[PDB]
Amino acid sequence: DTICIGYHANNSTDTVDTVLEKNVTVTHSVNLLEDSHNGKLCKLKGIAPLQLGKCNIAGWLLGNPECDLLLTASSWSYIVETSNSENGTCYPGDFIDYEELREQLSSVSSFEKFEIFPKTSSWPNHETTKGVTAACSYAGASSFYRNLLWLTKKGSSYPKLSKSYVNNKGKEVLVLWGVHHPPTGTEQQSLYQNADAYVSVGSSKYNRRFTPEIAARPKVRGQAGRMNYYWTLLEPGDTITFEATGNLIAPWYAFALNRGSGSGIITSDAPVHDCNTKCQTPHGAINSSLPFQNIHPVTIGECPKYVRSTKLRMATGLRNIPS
């Protein structure tokens, strides 16, 4: 009579690497590396992302006339730019501290847009109806940004304007404006009358003064002039005051901001869908409890840690020796 000691074998074809030898077949193992996603852009906390489409952040917040679909946007789980996100500033110029504004937006989960300076009643002594350009066309006609107002001389006079807004919204307000720089002194005169024009913007914390920089530049979208774009975050209770004798592209609409965490701006050409996820990448969503993933380093939500690995399989059972 006999008794033997022995160990399990099965038909497992799972392999793992060890330090002394590669590709060892084991009876059981577990994969620690997620390499699968659903190829879509989903909701988080059941909230849909904001798809900018052919627009970028600048085109959205300024209201580039190509971005009118976004006018209604007010809340999102994250923001999506695409490979075709080219509509931003349609009048050439510099968007001052643009990358910083993008970083700010990354912690904004919603806003309420409102008419900070109503076009019809804010500017009785200035022309509000002629500030359009072929650089920002819409429907084959010269136009302009929807959230800013290009003020010009009424008749032959641009009197000193002074306009203030007090922030009674109970939260931060994002105010955007521009300053225009004609290419010639006669153009400065046509638009604004005053050769020695200035723009001054002040709040409790912001304080800047701008003067026209008149010079011929290479034409960009037909324009030898430039417009620089500016922004500030006005704190609850604070006031912002504009004073100008020309060259002000005035705020028309502004944005009362709601801060939230875990949001962000991603770049992706993946389709938006009605599904819901805990973890989103620019390639697609992940539904996994595995500790690692090799899908993408950019993530929104709660995700496995990105690593460059192709295989992370941990042995749990033993060397498989079925002979």
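Numbering starts at 1 and runs along the sequence shown.
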So 296 to 304 or 8 to 16, which one's hotter by mean CA B-factor in the entry?
8 to 16
If you take the mean CA temperature factor per stretch, which one wins between 276 to 284 and 62 to 70?
276 to 284
From 265, 26, 55, 254, can you pick the one with the highest C-alpha B factor in the entry?
26
Among the modelled residues of its chain, does the C-alpha B-factor of residue 218 lie in the lowest, middle or highest third?
middle
Could you place residue 236 in the lowest, middle or highest third of its chain by Cα temperature factor, using the values in the record?
middle
Please place residue 172 in the lowest, middle or highest third of its chain according to the CA B-factor in the PDB entry.
middle
Residue 155 by Cα B-factor - lowest, middle or highest third of the modelled chain
middle
Residue 225: CA temperature factor from the record, placed by chain third, in the lowest
